[PDB]
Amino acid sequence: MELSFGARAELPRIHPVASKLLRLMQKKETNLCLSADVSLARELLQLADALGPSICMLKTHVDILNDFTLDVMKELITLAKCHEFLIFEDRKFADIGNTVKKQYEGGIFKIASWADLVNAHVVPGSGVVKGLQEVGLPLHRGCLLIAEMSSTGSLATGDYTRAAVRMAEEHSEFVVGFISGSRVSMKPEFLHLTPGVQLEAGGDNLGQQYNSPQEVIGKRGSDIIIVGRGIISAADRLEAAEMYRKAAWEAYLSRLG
């Protein structure tokens, strides 16, 4: 029983953040997350504004913005609200709960104040999620757990991936899904977001491996494609994003019937 994004948004155990995401994916016909790996706030905001209508999510690495300020993130929130997409900071929290709680709430980035979604590696055990969730629950935030990775030599396989799935299931009041290369949970309440995506076959020179939208959404059963250089390196980033959106969207439609 493969359900549309809109119906999954109505599932009994759905987290509010995931429901909001799934509703806008259905409304806008996009399951594309732009990975805005840029070093200038001006470029980040110009990309968010021009590509907002094409994306369900904008993934940030605020630690590579040379001119980060909280005012930049306020402007980004305004665009996310205007164009209707979630903001996902790819922070990869990956330490004991006492530390990650401080990294999520505090410091100069104050990630919890502007990020709808964050992610975490599961290697430290569930305390990483327990620490994050203390901050995220009053703020109605959600978290994605990295169950699989797209890079060569990834150790996020086998029992490690199963441990991520179990951890997500155990913390479903905060964890809304996974970073993975394929469907890893059979529960339709969880989102699957897949990086390592490009239209053409290949990789990079530092261990990144790419698969196509049709492969990851259609055959591997993921929900959302995360695309950075496949868009950001094009001259016309809008046309590139539209190519990726149509690819991922039609791949999703094909598995409904």
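Numbering starts at 1 and follows the sequence shown. Throughout, rigid core stands for the largest set of C-alpha atoms superposing within 1.5 Å between the two forms.
> Taking C-alpha RMS after core alignment, which stretch differs more from the shown form in 7 other deposited structures of this protein: 136-144, or 93-101?
Clearly, after the core fit, the stretch farther away in 7 other deposited structures of this protein is 136-144.
> Read off the CA B-factors in the entry, average them over 126-134 and over 88-96, and name the higher stretch.
Averaging CA B-factors over each stretch, the winner is 126-134.
> Comparing 104-112 with 117-125, where is the mean C-alpha B-factor higher?
Between 117-125 and 104-112, it is 104-112 that shows the higher mean C-alpha B-factor.
> What third of its chain, lowest, middle or highest, does the C-alpha temperature factor of residue 154 fall into?
CA B-factor rank for residue 154: lowest third.
> Can you tell me which third, lowest, middle or highest, the CA B-factor of residue 201 falls into for its chain?
Within its chain, residue 201 is a highest-third residue by C-alpha B-factor, going by the deposited values.
> Sort the modelled residues of this chain by their C-alpha B factor and say whether residue 147 lands in the lowest, middle or highest third.
Within its chain, residue 147 is a lowest-third residue by C-alpha B-factor, going by the deposited values.
> Classify residue 195 as lowest, middle or highest third according to the C-alpha B-factor given in the PDB entry, relative to its own chain.
According to the entry, residue 195 has a C-alpha B-factor in the chain's lowest third.
> Could you look up the Cα B-factor of residue 70 in the entry and say which third of the chain it sits in: lowest, middle or highest?
Residue 70: CA B-factor falls in the highest third of its chain.
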